[PDB]
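Trainee: To start, I am sharing the structure in question, which I have written as C-alpha cells.
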Amino acid sequence: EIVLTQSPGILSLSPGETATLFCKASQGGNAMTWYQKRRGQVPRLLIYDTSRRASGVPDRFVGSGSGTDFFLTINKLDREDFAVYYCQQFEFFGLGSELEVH
Amino acid sequence: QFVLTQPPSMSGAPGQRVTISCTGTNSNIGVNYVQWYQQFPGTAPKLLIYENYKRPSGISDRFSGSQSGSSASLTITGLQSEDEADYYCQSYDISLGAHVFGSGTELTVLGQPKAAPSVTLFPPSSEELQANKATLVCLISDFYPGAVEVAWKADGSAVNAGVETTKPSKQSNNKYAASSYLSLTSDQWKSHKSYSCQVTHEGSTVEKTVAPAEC
Amino acid sequence: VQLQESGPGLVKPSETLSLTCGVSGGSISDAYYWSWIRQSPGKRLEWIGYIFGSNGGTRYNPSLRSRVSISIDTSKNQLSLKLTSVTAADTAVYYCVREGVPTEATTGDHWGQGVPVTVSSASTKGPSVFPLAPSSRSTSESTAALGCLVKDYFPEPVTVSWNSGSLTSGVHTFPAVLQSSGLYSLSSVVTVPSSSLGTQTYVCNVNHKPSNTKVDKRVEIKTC
Amino acid sequence: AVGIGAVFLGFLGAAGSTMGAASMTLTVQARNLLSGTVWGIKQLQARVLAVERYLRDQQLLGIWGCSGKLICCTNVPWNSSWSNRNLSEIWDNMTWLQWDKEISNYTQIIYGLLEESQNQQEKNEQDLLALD
Amino acid sequence: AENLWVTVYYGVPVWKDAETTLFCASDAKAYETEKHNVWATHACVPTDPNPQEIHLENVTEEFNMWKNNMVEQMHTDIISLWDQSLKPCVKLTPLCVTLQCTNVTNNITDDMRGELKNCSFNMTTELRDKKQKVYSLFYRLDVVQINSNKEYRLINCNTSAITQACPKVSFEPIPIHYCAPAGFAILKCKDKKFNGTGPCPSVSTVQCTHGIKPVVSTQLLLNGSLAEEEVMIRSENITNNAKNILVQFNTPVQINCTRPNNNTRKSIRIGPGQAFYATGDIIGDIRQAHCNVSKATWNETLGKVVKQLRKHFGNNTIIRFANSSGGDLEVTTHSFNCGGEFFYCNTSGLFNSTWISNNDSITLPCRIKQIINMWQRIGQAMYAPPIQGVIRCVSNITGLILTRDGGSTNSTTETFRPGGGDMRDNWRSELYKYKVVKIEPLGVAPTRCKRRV
Ligand SMILES: *[C@@H]1O[C@H](CO)[C@@H](O[C@@H]2O[C@H](CO)[C@@H](O[C@@H]3O[C@H](CO[C@H]4O[C@H](CO)[C@@H](O)[C@H](O)[C@@H]4O)[C@@H](O)[C@H](O[C@H]4O[C@H](CO)[C@@H](O)[C@H](O)[C@@H]4O)[C@@H]3O)[C@H](O)[C@H]2NC(C)=O)[C@H](O)[C@H]1NC(C)=O
Ligand SMILES: *[C@@H]1O[C@H](CO)[C@@H](O[C@@H]2O[C@H](CO)[C@@H](O[C@@H]3O[C@H](CO[C@H]4O[C@H](CO)[C@@H](O)[C@H](O)[C@@H]4O)[C@@H](O)[C@H](O[C@H]4O[C@H](CO)[C@@H](O)[C@H](O)[C@@H]4O)[C@@H]3O)[C@H](O)[C@H]2NC(C)=O)[C@H](O)[C@H]1NC(C)=O
Ligand SMILES: *[C@@H]1O[C@H](CO)[C@@H](O[C@@H]2O[C@H](CO)[C@@H](O[C@@H]3O[C@H](CO)[C@@H](O)[C@H](O[C@H]4O[C@H](CO)[C@@H](O)[C@H](O)[C@@H]4O)[C@@H]3O)[C@H](O)[C@H]2NC(C)=O)[C@H](O)[C@H]1NC(C)=O
Ligand SMILES: *[C@@H]1O[C@H](CO)[C@@H](O[C@@H]2O[C@H](CO)[C@@H](O[C@@H]3O[C@H](CO)[C@@H](O)[C@H](O[C@H]4O[C@H](CO)[C@@H](O)[C@H](O)[C@@H]4O)[C@@H]3O)[C@H](O)[C@H]2NC(C)=O)[C@H](O)[C@H]1NC(C)=O
Ligand SMILES: *[C@@H]1O[C@H](CO)[C@@H](O[C@@H]2O[C@H](CO)[C@@H](O[C@@H]3O[C@H](CO)[C@@H](O)[C@H](O)[C@@H]3O)[C@H](O)[C@H]2NC(C)=O)[C@H](O)[C@H]1NC(C)=O
Ligand SMILES: *[C@@H]1O[C@H](CO)[C@@H](O[C@@H]2O[C@H](CO)[C@@H](O[C@@H]3O[C@H](CO)[C@@H](O)[C@H](O)[C@@H]3O)[C@H](O)[C@H]2NC(C)=O)[C@H](O)[C@H]1NC(C)=O
Ligand SMILES: *[C@@H]1O[C@H](CO)[C@@H](O[C@@H]2O[C@H](CO)[C@@H](O[C@@H]3O[C@H](CO)[C@@H](O)[C@H](O)[C@@H]3O)[C@H](O)[C@H]2NC(C)=O)[C@H](O)[C@H]1NC(C)=O
Ligand SMILES: *[C@@H]1O[C@H](CO)[C@@H](O[C@@H]2O[C@H](CO)[C@@H](O[C@@H]3O[C@H](CO)[C@@H](O)[C@H](O)[C@@H]3O)[C@H](O)[C@H]2NC(C)=O)[C@H](O)[C@H]1NC(C)=O
Ligand SMILES: *[C@@H]1O[C@H](CO)[C@@H](O[C@@H]2O[C@H](CO)[C@@H](O[C@@H]3O[C@H](CO)[C@@H](O)[C@H](O)[C@@H]3O)[C@H](O)[C@H]2NC(C)=O)[C@H](O)[C@H]1NC(C)=O
Ligand SMILES: *[C@@H]1O[C@H](CO)[C@@H](O[C@@H]2O[C@H](CO)[C@@H](O)[C@H](O)[C@H]2NC(C)=O)[C@H](O)[C@H]1NC(C)=O
Ligand SMILES: *[C@@H]1O[C@H](CO)[C@@H](O[C@@H]2O[C@H](CO)[C@@H](O)[C@H](O)[C@H]2NC(C)=O)[C@H](O)[C@H]1NC(C)=O
Ligand SMILES: *[C@@H]1O[C@H](CO)[C@@H](O[C@@H]2O[C@H](CO)[C@@H](O)[C@H](O)[C@H]2NC(C)=O)[C@H](O)[C@H]1NC(C)=O
Ligand SMILES: *[C@@H]1O[C@H](CO)[C@@H](O)[C@H](O)[C@H]1NC(C)=O
Ligand SMILES: *[C@@H]1O[C@H](CO)[C@@H](O)[C@H](O)[C@H]1NC(C)=O
Ligand SMILES: *[C@@H]1O[C@H](CO)[C@@H](O)[C@H](O)[C@H]1NC(C)=O
C-alpha cells in the first residue's frame with residue numbers, strides 16, 4: 001500500500017513571507033493533491049493533478065514536484081492562510097502539517 | 001493459403017490450345033499488373049508474360065495473355081511437348097502489402113509414348129566391404145510413365161531391409177528417372193547367394209541379379 | 001549481369017542465416033530492383049523482400065518483418081540477406097533477381113542459380129563417396145555404367161564433376177534418397193564405351209559445401 | 001520488361017515514405033475526396049460538409065497563381081529563418097507528417113504573401129496589356 | 001540558386017485527429033427478412049462486398065481507448081434505435097387494474113415460495129358496454145401487494161405507463177458495419193500485443209470496420225472477438241481502483257442456458273384492433289431455468305488469467321475471487337436476452353476460489369422477469385411478450401469485467417469482483433482498435449523552380 005510521508009509539518013512563521021511543505025511517496029508515477037482544513041470548518045480543495053487550481057483559489061498557492069517528491073509553496077502569507085494542510089495520493093492519506101503564527 | 005487460386009494440374013495433347021486461369025479478387029488483380037512465369041523441376045523460373053499480354057525477347061509468340069476483372073488467363077495455341085513444366089501467376093497485393101504467387105499449375109503434355117525402363121544394378125565396392133557394409137544400387141532411367149515399381153529380393157525371398165527409394169523424377173527429356181539402394185553389412189552380404197532388384201514398369205517385370213559370389 | 005548465391009546450407013535452430021548474392025556484369029547502383037525469392041518444399045513460392053539499386057530503399061514482406069534484414073554493398077558489388085531465429089519452416093531454395101530493363105527487346109527477368117538452405121539441429125557430415133565399379137553385369141553390349149555413390153552426406157548438396165568436369169557426356173546425377181537415418185545418399189553415373197575402359201581414368205569430383213569438403217574418388221575396374 | 005516493380009498503393013499509401021517518392025503520386029490522394037427517417041439529415045449534412053470543404057480548398061487555390069495546375073511554382077523566395085534545413089536532406093530524409101510539425105508555426109502568413117504577390121502580378125500584367 | 005522558391009502541392013497525404021459523425025451500413029442478407037422486422041434496415045445502405053483494407057509501412061501513430069470518441073455516439077444510436085422501434089406498437093394503459101390472485105395448482109412445500117402467480121381481473125371488450133373476466137399468469141417480480149382477501153397490482157403502474165413490444169420485431173443482433181464519410185479515414189492497429197494505450201508500429205487504414213454485433217450483457221460479455229494468443233488485461237490507471245478491468249481471453253468457453261417449461265400464449269382483445277398476449281396453460285412439470293458450463297475448461301481459463309494477472313502485481317501474491325457485493329438486481333447477477341426473452345442468472349458459483357503463489361458441469365440458476373427497464377430512463381418501462389415451447393441457447397463466453405477492492409491496511413491478497421456498471425464498456429471491448437482521422441491536402445514546401453512571366 002502507498003504510504004505518504006509529510007515533511008516539516010510543524011512550521012511557525014510571520015505574515016507576509018513564503019512557506020513550503022514537503023511530501024514524499026513510497027511509489028512514484030502518480031499525481032498529487034493538496035487539501036486545506038481550517039479550524040472548526042469544512043475542508044477545501046486547493047490542488048488537483050499536481051499543478052491545477054480549483055475554483056475560488058488565488059494563484060499564490062503553487063504546487064510543484066516530480067516523481068515521488070512534491071512541494072507546496074505559498075507566497076505572501078495572510079492571516080486566513082494559517083491552517084492545517086494535507087497531501088493526497090489515492091484513498092490513502094498523509095498525516096498533515098501545521099501552520100502557526102510566529 | 002494463397003490469395004491467388006489456380007486449379008492444380010492439367011494435361012493436353014500436342015498441338016492443343018489450352019487456357020490456364022488465375023483467379024483472385026479485385027484488391028490484387030483488379031488494379032495491378034499480373035505476370036506469368038515458367039519453371040521446370042530443378043530449374044530456376046523464367047518470365048513468360050509481363051504486364052498481362054507482353055512477352056520479352058527470347059520467348060516465342062506461341063502463348064497469349066489476357067486479363068479481365070479479377071481473373072487472368074494464358075492461352076497456349078499449338079501445344080508442344082516441351083511445355084511439361086510448372087506455371088505460376090504472380091502479382092502485388094495491397095491488403096497484404098506484398099507480392100504474391102498463384103497456386104501453381106503443372107502442365108503435363110499428353111502424347112508422350114510409354115518408355116520401357118533402363119536398369120543398372122551395382123554391387124558394393126570392396127572398399128565398402130572393408131567398411132563392412134554393402135550397398136546395392138538399382139538405377140532406373142529414361143522411362144515413361146512415372147509409375148515404376150522397385151522390389152529388392154534375396155536368394156528365394158524378398159528383402160525390404162536397408163531399402164530406400166527415390167521416385168520417378170521427371171528428367172530433362174520429359175521422361176523419368178529413379179533409384180533404390182539396398183543397405184546391408186558385408187557379413188549379411190556374404191550371408192546370401194544372390195540379391196535382386198526386380199522392377200515392374202508398364203506391366204513389364206525385369207529382375208537384375210547380382211551374386212555375393214560375384215562380389 | 002549474372003547472379004550467384006553464397007552461404008551455409010545448414011543453419012542451427014534459433015540462429016541467424018546469412019546469404020551473399022554476387023553479381024557480375026553490372027553495378028549494383030543502377031536504377032533497378034533487387035529481390036530475394038525463396039521456394040519451400042512442395043514448390044510454394046514466397047516473396048521475401050526487395051531493395052532499389054540507386055539509393056537503397058527497402059520493402060519487405062510485413063509478415064516476417066521482425067526478423068528479416070536486407071543490405072547492399074556497392075564496394076564488393078554484393079547483396080546481403082540476414083534472417084534471425086530460424087525454424088523448420090525456413091528450409092528453402094533461395095534466388096536473387098534483378099528486375100530487367102524497361103525496353104523493347106529485353107531478355108526478361110534475370111535469375112540467380114540458387115542456394116539450398118536447411119534449418120536443422122543435427123550436425124553436418126562430410127560424405128562417403130564410393131566408386132560404383134562396373135561389373136560384368138554392368139558392361140552389356142560395349143557400354144558400361146560406372147559411377148559414384150555419395151552416401152551419408154548431410155545436408156544437401158554434393159556437386160559431381162567427372163574428370164574435373166572435362167567429361168559431361170553420358171553422365172547423370174540421379175535423384176538422391178532420404179534415408180531413415182536422416183542422411184542423404186546420391187548416385188552419379190557416367191555411361192562409358194568399353195574400349196575406353198582400359199585407357200582413360202575417371203574421378204568423380206564430389207563436393208559438399210556445408211561440410212566444406214571435396215572428395216575426388218576414382219572409379220576403377222577390378223575383378224572382384 | 002518489368003518483373004517486379006512498385007505498382008501503386010491506396011490513398012495515403014505512400015505517406016510513410018519520403019516526400020520525393022510520395023510526390024510521384026498525387027492523383028490517388030486527390031480522387032478519393034469527393035464521393036468514393038432522421039438519418040437522411042445526417043447524411044445530407046455530411047455530404048454538404050464534404051463539398052463545402054472541397055469548394056473552400058478550390059477557391060483558396062484559385063486566388064493564387066495556379067487554378068488547376070495541381071503543381072505550382074511562384075515568385076516568393078524562401079526565407080531560411082523559418083525552416084533552417086538543407087535542401088539535400090528534406091527530399092531524401094523526411095515525411096510530410098514529419099514536416100508538418102516543423103512548419104506549423106509559420107503558417108497563415110505565407111498565404112497572405114501569396115495573395116499579395118498574385119495581386120501585384122495581376123495588376124502589373126494588366127498594365128502591360130493596357131499599354132498593349 | 002540560393003533563392004529557393006515556395007511551391008504549393010495539392011493532395012499531400014497527411015492528416016490530423018478530429019471528431020465527426022459516422023455512417024451505419026450492413027449486409028444484403030438483412031434485407032431478405034423484409035419489411036423492417038429487424039431494426040437497422042430503416043437506416044442502412046447495404047454494404048459493398050470486399051472493401052479495401054490497405055496496408056502501410058513505417059508510419060506509427062498512438063492510440064487511446066479511454067478518451068476515444070465515437071463510442072459515445074454508438075451508445076446514443078442504439079438507444080435511439082430502441083426508441084424508434086417502439087412507437088408503432090401498442091400502449092398498455094387499461095391493464096393497470098385490481099388483480100384477484102392466487103397460487104398456481106402445484107404440490108407446494110410450505111417453505112418454498114411460488115414463482116408463478118395466477119390472477120384474474122376485468123377488461124374491456126371490443127365494445128364499450130361489455131366487460132369480461134379473464135385470467136393469466138405472472139412472475140412474482142412483477143406484482144406487488146396493495147393494502148380477509150388478497151389482491152395485487154403491477155409494479156410499474158404507480159410511476160409510468162407501459163409499452164408492449166410488437167411480436168413481429170425480433171431481438172437478435174446483426175453485424176453492424178461502421179463507415180466514414182467522404183474526406184476521412186479510419187485507422188487500425190494490427191499489432192499483436194498492444195494493451196490499449198500508446199504507439200502502435202504497424203497500422204493500416206480502412207473505409208469500413210469489421211462486423212460488430214451489439215449484444216447487451218452485464219458481466220461475462222458474449223459472442224465477442226477473442227484475441228490472438230495470450231490473455232490480455234487492460235485498464236486505464238491500474239493503481240486506481242475506480243476503473244474497471246477488461247479481460248479478453250483467447251479460447252472461447254461454451255455456455256448453455258435453457259428454460260424447460262412449456263408455455264402456451266393466448267390473445268386477449270383490448271378493444272378495436274388491439275391485441276394483448278397473456279401466458280396461458282403450462283403443460284409439464286414446473287422446473288427451473290438454468291445454465292451449464294464445463295468444469296475443467298473454466299478452471300483452466302481461470303488459471304490462464306491468474307498467470308497473466310500476476311505480472312501486474314508482483315509474483316508472490318495471493319489472488320482470490322468473490323461474488324458481487326450488492327446493489328440493484330441487474331448488476332449483482334449477469335443478465336442477457338436469449339430467444340427473445342430476458343434472463344437474470346446468479347453467478348456466485350463461479351467466483352469462489354483462491355490461488356497460491358506457486359466431465360462434470362457447473363450449473364447455476366436463473367430468474368425470469370417479464371417487464372424490463374434498460375438504461376434506467378425515468379418514464380420508460382417495456383413489457384415483453386412470452387413465447388412458445390422449450391427454449392435453449394448456446395453461446396461463447398469471451399471476456400470478463402472485473403473490479404479490484406480498495407484494500408488498505410497492509411494485506412497481501414488482492415481480491416477481485418465482477419461489476420457490470422455502464423453499458424459503454426461492452427462497446428469499448430470492440431472499438432479498442434479504431435481512431436478516426438481527417439485528411440488535409442495542400443502542403444507547401446520550398447524548392448528550386450520559378451514561374452515565368
Ligand atoms: C451468439 O451467437 C449464436 C450463434 O448465432 C446465437 O445462437 C443462435 O441464436 C439464434 C437466435 O436468433 C437461434 O436461432 C433460432 O433457431 C431456431 C431453430 O432453428 C432451427 O430450426 C429451423 C426450423 O426447423 C431450421 O430451419 C433451422 O435451420 C434450425 O435448424 C428457430 O426456430 C428460431 O427462429 C424462430 O423465430 C423467428 C422469428 O420470427 C421465426 O420466424 C421462426 O419461424 C422461429 O419461430 C431462430 O432462428 C440459433 O438456433 C442459435 N444457435 C445457433 C447455433 O445459431 C446466440 O443466440 C448468440 N448469443 C446470444 C446471447 O444471443
Ligand atoms: C447465488 O447462488 C448461491 C449458491 O447457491 C446462493 O448461496 C446460498 O444462499 C443461501 C441462502 O438461502 C445460503 O444460506 C443457506 O440457507 C438455508 C435456508 O434456511 C432454511 O432452513 C432453516 C433451517 O436450516 C430455516 O430456519 C429457514 O427458515 C430456511 O427455511 C440455511 O438453512 C442454510 O444453513 C446451512 O448451513 C448452516 C451452517 O452450516 C447449517 O447450520 C444449516 O443446517 C444448513 O446446513 C444456509 O444458511 C447458502 O449458504 C448459500 N450457499 C453457500 C454454498 O453458501 C445465493 O443465495 C444465490 N444468490 C441469491 C441472490 O440468491
Ligand atoms: C494514472 O492516472 C492519471 C490521472 O490521474 C492518468 O493520466 C495521465 O496523467 C498525466 C499526468 O502525470 C498526464 O500528463 C499530462 O498531459 C497533459 C496533456 O496536455 C500535459 O499538458 C501535461 O503537461 C504537464 O506539464 C506542464 C508543464 O507546464 C504543466 O503546465 C501541465 O499542467 C502538466 O503538469 C502532462 O504531460 C497524462 O496526459 C494523463 N493521461 C495519460 C493517458 O497518460 C494516467 O494515465 C494513469 N496512469 C499512469 C501510469 O500514470
Ligand atoms: C451445450 O449443449 C450442447 C447441445 O448440443 C452440447 O453440444 C454437443 O455436445 C455433445 C457432447 O458433449 C457433442 O457430441 C460429441 O460428438 C462428437 C462428434 O460426433 C464426438 O466426438 C463425441 O463423442 C462421440 O464419440 C464417443 C466416443 O469417443 C461416444 O462415446 C459418443 O457417444 C459420441 O459418439 C461427443 O459426444 C456434440 O457435438 C455437441 N454439439 C454441438 C453443436 O456443440 C454442449 O456440449 C453443451 N455444453 C456443455 C458445456 O456441455
Ligand atoms: C521505412 O523505413 C526504413 C528504415 O528507416 C527505410 O530504409 C531506409 O531507407 C533510406 C533511404 O533514404 C536509407 O537511407 C540512406 O541509405 C543510403 C544507402 O547507401 C545512404 O547512402 C544514405 O546516406 C542514407 O543513409 C536507410 O539506410 C534505410 N534504412 C534501413 C534500415 O533500411 C525505408 O526506406 C522506409 N520506407 C519504406 C517504404 O520501406
Ligand atoms: C388458475 O389457473 C387454473 C389452471 O391452472 C385455472 O383453473 C381453471 O379454470 C377453469 C374455469 O373455466 C376451470 O374449468 C372448469 O372445470 C370444471 C371441471 O370439471 C368444468 O366442469 C367446468 O365446466 C369448467 O370447464 C378449470 O377446472 C380450472 N382448473 C382447475 C385445475 O380447476 C384458473 O382459471 C386460474 N385462476 C384462478 C383460480 O383464479
Ligand atoms: C370484475 O368484475 C366483476 C363483475 O363486475 C366484479 O364482481 C363484483 O365484485 C364486487 C366485489 O367483489 C361485488 O360486490 C359484492 O356484492 C356482494 C353481493 O352482491 C356483497 O356481499 C359484497 O359485500 C360486495 O358488495 C359485486 O356484486 C360483483 N358483481 C358481480 C356481477 O359479480 C369483480 O369484483 C371485478 N374484479 C375482479 C378482480 O374480479
Ligand atoms: C500499456 O502500454 C503503455 C505503452 O507502452 C505503457 O505505458 C508506458 O509505461 C512505461 C512503464 O513500463 C512508462 O515508462 C516510464 O516512463 C517514465 C518517463 O519519465 C520513467 O520515469 C519511468 O521510470 C518509466 O520508465 C512509459 O512512460 C509509459 N508510456 C509510454 C507512452 O510508453 C503501460 O505501462 C502499459 N501497461 C499498462 C498495464 O498500462
Ligand atoms: C454473495 O455471497 C454471500 C455469501 O454467500 C451471499 O450472502 C448470503 O445472502 C443470502 C441472501 O441475501 C442470505 O440468506 C438469508 O437466508 C435467511 C433464511 O431465512 C433469511 O432470513 C435472510 O434474510 C437471508 O435471506 C445468506 O445468509 C447470506 N450468506 C452469508 C454467509 O451471510 C450473497 O447473497 C451473495 N450475493 C449474491 C448476489 O448471491
Ligand atoms: C401460496 O403460497 C404462499 C407461499 O408459500 C403461501 O403462504 C404461506 O401461508 C401460510 C399460512 O398463511 C404460512 O404458514 C406459510 O409460511 C406461508 N408461506 C411462506 C413461504 O411464507 C400461501 O398460503 C399459498 N396459498 C395457497 C392458497 O396455496
Ligand atoms: C409443448 O406443448 C405443445 C402443446 O401441447 C406440444 O405440441 C403438441 O405436440 C403433440 C405431439 O406431436 C401434438 O399431438 C399436439 O397437437 C401439439 N400441440 C400443439 C398445440 O401444437 C409440444 O410437443 C410440447 N413440447 C414438448 C413436449 O417438448
Ligand atoms: C464459438 O466457438 C466456436 C468454436 O468453439 C466457433 O466455431 C468455429 O467457427 C468458425 C467460423 O465459422 C469455423 O471456421 C470453425 O470450423 C468453427 N469450429 C471450430 C472448432 O473452430 C464459433 O464461430 C464461435 N462463435 C459462435 C457465434 O458460435
Ligand atoms: C411505487 O410503488 C413502489 C412499491 O414499493 C414504491 O417503492 C415506490 O416508491 C412507488 N412510487 C411512487 C411514486 O408512489
Ligand atoms: C484447476 O486444475 C488444477 C489442475 O487440474 C488443480 O490443481 C486445481 O485445484 C483446479 N482448481 C480448483 C479451484 O480446484
Ligand atoms: C466457495 O467455493 C467452493 C466452490 O464454489 C465451495 O466450497 C462453496 O460453494 C463456495 N462458496 C459459496 C458461498 O458458494
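Residue numbering restarts at 1 for every chain of the C-alpha cells, chains are lettered A, B, ... in their displayed order, and ligands are numbered from 1 as they appear.
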Step by step, measure atom-to-atom distances between ligand 2 and each residue using only C-alpha atoms and all ligand atoms, keep those at most 10 Å, then write them as a ChimeraX atom specification.

Mentor: /E:110-112,323-324,326,329,332-333,345-350,352,363-366

Trainee: Excluding residue B:134 and its own-chain neighbours fewer than 4 positions away, which residues fall within 9 Å of it when counting only C-alpha atoms? Please give them as a PyMOL selection string.

Mentor: chain B and resi 123-126+128-129+182-189

Trainee: Taking into account only C-alpha atoms and all ligand atoms, which residue in the set E:105, E:44, E:202, E:295 is nearest to ligand 5?

Mentor: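 For ligand 5, the nearest of the candidates is E:202.
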
Trainee: Determine which residues of chain E sit within 6 Å of chain B, taking into account only C-alpha atoms, and present them as a list in words.

Mentor: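 Within 6 Å of chain B on chain E, we get residues 53, 54 and 55 of chain E.
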
Trainee: What gap, in Å, lies between atom CA of residue D:80 and atom CA of residue E:444?

Mentor: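 So the two atoms, atom CA of residue D:80 and atom CA of residue E:444, lie 14.4 Å apart.
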